[PDB]
Amino acid sequence: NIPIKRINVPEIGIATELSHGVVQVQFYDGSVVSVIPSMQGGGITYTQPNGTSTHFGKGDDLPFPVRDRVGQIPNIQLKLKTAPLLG
């Protein structure tokens, strides 16, 4: 969807805020985490380097390496808020 903020997160990857509130992080290994706003159903969509996508909702426990990676998203959300104007 339309990026409204995008920042490089050194040592982690590239983070994007999409126009409808989803936050995505593309990690250095090609994995992607999408954090879905609670208003849109919440949860996490995680795509492995091999292309496999999994949705983790409320009540799903997060396996390795998803749990630790999702644990980094709050700090990245704050970085996106203070991100420069895109461009």
# chains A, B, ... in the order shown; residues from 1 in each chain; ligands from 1
call {"tool": "select_by_dssp", "arguments": {"residues": "chain A", "states": "alpha helix (DSSP H)", "output": "list in words"}}
result
residues 66, 67, 68, 69, 70, 73, 74, 75, 76, 77, 78, 79, 80 and 81 of chain A
call {"tool": "residues_around", "arguments": {"residues": "residue 77 (chain A)", "least_positions_apart": "3", "cutoff": "9 Å", "atoms": "only C-alpha atoms", "output": "list in words"}}
result
residues 15, 17, 23, 72, 73, 74, 80, 81 and 82 of chain A
call {"tool": "write_last_selection", "arguments": {"atoms": "N, CA and C atoms", "output": "PDB file, in the first residue's frame"}}
result
ATOM      1  N   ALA A  15      11.948  -0.103   7.583  1.00  0.00           N
ATOM      2  CA  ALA A  15      10.627  -0.007   8.188  1.00  0.00           C
ATOM      3  C   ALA A  15       9.766   0.963   7.411  1.00  0.00           C
ATOM      4  N   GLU A  17       5.704   2.733   7.251  1.00  0.00           N
ATOM      5  CA  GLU A  17       4.326   2.920   7.675  1.00  0.00           C
ATOM      6  C   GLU A  17       3.467   3.110   6.432  1.00  0.00           C
ATOM      7  N   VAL A  23       2.303  -1.234   9.949  1.00  0.00           N
ATOM      8  CA  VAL A  23       3.744  -1.009  10.001  1.00  0.00           C
ATOM      9  C   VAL A  23       4.405  -2.282   9.526  1.00  0.00           C
ATOM     10  N   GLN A  72      10.847  -5.894  18.661  1.00  0.00           N
ATOM     11  CA  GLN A  72      11.544  -4.702  18.194  1.00  0.00           C
ATOM     12  C   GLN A  72      10.627  -3.672  17.546  1.00  0.00           C
ATOM     13  N   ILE A  73       9.401  -4.042  17.212  1.00  0.00           N
ATOM     14  CA  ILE A  73       8.550  -3.154  16.435  1.00  0.00           C
ATOM     15  C   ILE A  73       8.160  -1.919  17.238  1.00  0.00           C
ATOM     16  N   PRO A  74       7.825  -2.006  18.533  1.00  0.00           N
ATOM     17  CA  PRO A  74       7.476  -0.764  19.245  1.00  0.00           C
ATOM     18  C   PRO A  74       8.547   0.294  19.165  1.00  0.00           C
ATOM     19  N   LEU A  80       9.514   5.650  13.426  1.00  0.00           N
ATOM     20  CA  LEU A  80       8.742   6.077  12.263  1.00  0.00           C
ATOM     21  C   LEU A  80       8.009   7.382  12.536  1.00  0.00           C
ATOM     22  N   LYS A  81       7.524   7.573  13.757  1.00  0.00           N
ATOM     23  CA  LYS A  81       6.834   8.817  14.057  1.00  0.00           C
ATOM     24  C   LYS A  81       7.770  10.002  13.924  1.00  0.00           C
ATOM     25  N   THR A  82       9.021   9.849  14.347  1.00  0.00           N
ATOM     26  CA  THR A  82       9.983  10.942  14.252  1.00  0.00           C
ATOM     27  C   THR A  82      10.764  10.889  12.964  1.00  0.00           C
TER      28      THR A  82
END
call {"tool": "residues_around", "arguments": {"residues": "region 57-69 of chain A", "least_positions_apart": "5", "cutoff": "7 Å", "atoms": "only C-alpha atoms", "output": "PyMOL selection string"}}
result
chain A and resi 42-44
call {"tool": "residues_around", "arguments": {"residues": "residue 16 (chain A)", "least_positions_apart": "2", "cutoff": "7 Å", "atoms": "only C-alpha atoms", "output": "PyMOL selection string"}}
result
chain A and resi 3+5-7+14+18+23-25
call {"tool": "write_last_selection", "arguments": {"atoms": "N, CA, C and O atoms", "output": "mmCIF file, in the first residue's frame"}}
result
data_model
loop_
_atom_site.group_PDB
_atom_site.id
_atom_site.type_symbol
_atom_site.label_atom_id
_atom_site.label_comp_id
_atom_site.auth_asym_id
_atom_site.auth_seq_id
_atom_site.Cartn_x
_atom_site.Cartn_y
_atom_site.Cartn_z
ATOM 1 N N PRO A 3 3.301 3.972 0.904
ATOM 2 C CA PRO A 3 4.152 4.331 2.042
ATOM 3 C C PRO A 3 4.005 5.803 2.388
ATOM 4 O O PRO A 3 4.032 6.666 1.511
ATOM 5 N N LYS A 5 5.705 6.773 5.585
ATOM 6 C CA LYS A 5 6.999 6.943 6.198
ATOM 7 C C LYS A 5 7.809 5.710 5.854
ATOM 8 O O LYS A 5 7.263 4.614 5.713
ATOM 9 N N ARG A 6 9.103 5.909 5.692
ATOM 10 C CA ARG A 6 10.013 4.795 5.492
ATOM 11 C C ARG A 6 11.368 5.209 6.006
ATOM 12 O O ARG A 6 11.865 6.274 5.639
ATOM 13 N N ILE A 7 11.965 4.358 6.833
ATOM 14 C CA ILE A 7 13.258 4.621 7.433
ATOM 15 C C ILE A 7 14.111 3.370 7.345
ATOM 16 O O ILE A 7 13.610 2.244 7.423
ATOM 17 N N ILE A 14 14.521 -2.335 6.959
ATOM 18 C CA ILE A 14 13.822 -1.150 6.478
ATOM 19 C C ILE A 14 12.398 -1.203 6.994
ATOM 20 O O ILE A 14 11.719 -2.228 6.852
ATOM 21 N N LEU A 18 2.459 2.263 6.287
ATOM 22 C CA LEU A 18 1.509 2.347 5.192
ATOM 23 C C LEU A 18 0.333 3.259 5.553
ATOM 24 O O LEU A 18 0.048 3.520 6.724
ATOM 25 N N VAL A 23 2.303 -1.234 9.949
ATOM 26 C CA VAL A 23 3.744 -1.009 10.001
ATOM 27 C C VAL A 23 4.405 -2.282 9.526
ATOM 28 O O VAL A 23 4.041 -3.366 9.973
ATOM 29 N N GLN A 24 5.327 -2.158 8.588
ATOM 30 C CA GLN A 24 6.042 -3.302 8.044
ATOM 31 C C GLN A 24 7.518 -3.131 8.339
ATOM 32 O O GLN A 24 8.056 -2.020 8.264
ATOM 33 N N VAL A 25 8.194 -4.218 8.633
ATOM 34 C CA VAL A 25 9.642 -4.195 8.704
ATOM 35 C C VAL A 25 10.141 -5.315 7.817
ATOM 36 O O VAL A 25 9.708 -6.458 7.961
#
call {"tool": "select_by_dssp", "arguments": {"residues": "region 44-83 of chain A", "states": "strand (DSSP E)", "output": "count of residues only"}}
result
8
call {"tool": "closest_residue", "arguments": {"among": "A:85, A:2, A:33, A:22", "to": "residue 55 (chain A)", "atoms": "only C-alpha atoms"}}
result
A:33
